[PDB]
Amino acid sequence: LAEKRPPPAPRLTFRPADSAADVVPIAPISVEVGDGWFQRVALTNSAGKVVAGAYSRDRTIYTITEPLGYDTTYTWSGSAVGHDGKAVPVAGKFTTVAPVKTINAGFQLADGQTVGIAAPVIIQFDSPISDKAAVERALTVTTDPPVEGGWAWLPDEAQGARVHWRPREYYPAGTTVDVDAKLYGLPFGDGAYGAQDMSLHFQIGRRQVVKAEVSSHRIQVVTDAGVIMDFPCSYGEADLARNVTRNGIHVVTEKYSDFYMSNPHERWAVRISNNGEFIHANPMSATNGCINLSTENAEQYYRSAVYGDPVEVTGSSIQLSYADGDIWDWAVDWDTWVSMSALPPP
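Residues numbered from 1 in each chain as written, not as in the entry; some residues may be left out. Heavy atoms only, no water. Residues with missing side-chain atoms left out of burial classes, pairs and counts.

## Here's the deal with helix α2 (residues 295-304)
- Every buried residue belonging to α2 is among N297, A298, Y301, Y302 and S304, and all of these are buried. When α2 is viewed along its axis, its buried side chains cluster within an angular range of 170 degrees and face the same direction. What points out from α2, more than 90 degrees from its buried face, is the exposed set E296 and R303. (Buried < 20%, exposed > 50% of the residue type's maximum accessible area, 1.4 Å probe, protein only. Helix = DSSP H or I, 4+ residues; strand = E, 2+ residues; numbered from the N terminus. Arc of directions from axis to C-beta.)

What follows is the structure, given as structure tokens:
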């Protein structure tokens, strides 16, 4: 009487497909239907935590907005209505990748920390890294004002790989810094995967430069206010190479009102290298390896020093090197720094 052909059943498309394994936890997750709309859709993990997602306006595509765990099986549930009014089930599952190890990371600065104009940004991993190149492309640095700088890999330590970021010149005073590392779901190398996304905000403090000419027996501290400290001092006399204040731009890191160090008890000490070079107080009259001040002067200097303040050392036979230990970043040419990037340069 009135004959014809039955019309369209809905057509579900899962990205990722049912029973997929080794799914990367930051891949795009979705279920798309055709010839019909979604009545309900929801995705849960093995423990029944509902994962937040979102429909498309047409309500024919559902998508996950938050990223997933590792080594976790997720399942789909819901229905989509066809032109019938016939509801059809939306049901499926997949398991995310389960890496050999999650490699972590951690900046050596805190959020909101205020530092000197030569502060490097140091990320320290808790493992070696096959694809250093890939971990780098995840990194982003934003400064205000904008400033030229660059990532660079140093020799893996006993904790693991490490990477430093350095602006080519000093930060302008007051510069805000915002660094972002998108490492979650990131294949570091082999079956190892990045622990988690990281981010850091910090600011550069007042411009303060130290001027330390070994032959002058003087040290100067210079700021926006001008020379604010000119002190007589004693440098390391180049008679034995254990006892020469190394040459080049140093960076202040630690400081102690009172410390006890059984070398390779200080007062008002400021560390300017992991080789054990300090600016501090000690009984003298101008030699050694440090930079000696009167107790009174060392105290004045000390109270003004700040993590990341540069100390310019000049006129010395022995350049500051990797051998001296962190921070040896500013004691190499920009081109050689750029060379240490795991990606090729502009």
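Moving on, there is more to tell.
## Some points on the state of the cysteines
- According to the stated counting rule, one finds zero disulfides in the structure shown.
- Distance from the sulfur of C233, which forms no disulfide, to the nearest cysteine sulfur (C290) is 12 Å.
- When its relative accessible area of 1% is taken as the criterion, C233 is described as buried.
- The exposure class assigned to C290 is buried, which follows from its relative accessible area of 12%. (Disulfide = S-S within 2.5 Å.)

## Digging into the UniProt feature "active site" in the chain
- According to UniProt, the "active site" feature falls on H280 and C290.
- Along the chain, the position of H280 falls in strand β26 (residues 278-281).
- Setting aside residues no more than four positions away along its own chain, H280 makes contact with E266, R267, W268, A269, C290, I291, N292, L293 and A298.
- Mapped onto the elements, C290 comes out in the loop between β26 and β27 (291-293). (UniProt positions renumbered as here; feature names shortened; annotations may be inferred. Contact = heavy atoms within 4.5 Å.)

## Some words on the sheet that holds strand β13 (residues 121-124)
- Spatially, the three strands line up as an open sheet ordered β13-β16-β15, and their pairing is antiparallel. Each of the sheet's edge strands pairs with one partner strand only, and the pair in question is β13 and β15 (149-153). This sheet shows a mean twist of 15 degrees between the axes of neighbouring strands, independent of strand direction.
- One ladder, built from four bridges, connects β13 with strand β16 (residues 162-167); its direction is antiparallel. Across the sheet, the residue bridging to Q124 is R162, located in β16. (Pairing = 2+ DSSP bridges. Axes fitted to C-alpha atoms, helices over the stretch in contact; angles between N-to-C directions.)

## Some points on the side chain of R246
- Note on placement: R246 falls in the loop between β22 (226-232) and β23 (248-251).
- On the accessibility criterion, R246 (17% relative accessible area) is buried.
- In this structure, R246 is in contact with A241, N275, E277, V313, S316, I318, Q319, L320 and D324, ignoring residues within four places of it in sequence.

## A look at the nonpolar core
- Formed by 37 residues in total, the largest nonpolar core has its most connected members in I123, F125, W151, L183, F188 and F202.
- Of all the secondary-structure elements, those providing two or more residues to this core are β13, β15, β16, β17 (176-181) and β19 (198-204).
- Here this core takes four residues from β19, the largest share from any one element.
- When residues are assigned to domains, this core turns out to be shared by domain 2 (98-205 + 328-346) and domain 3 (206-327), each giving three or more.
- Each residue touching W151, except ones within four places of it in the same chain, is listed here: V121, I123, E136, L139, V141, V163, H164, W165, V179, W337 and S341.
- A212, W268, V270 and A298 belong to the second largest nonpolar core, which has 23 residues in total. (Core = buried A, V, L, I, M, F, W, Y, C linked by side-chain atoms within 4.5 Å. Domains from an automatic or database assignment.)

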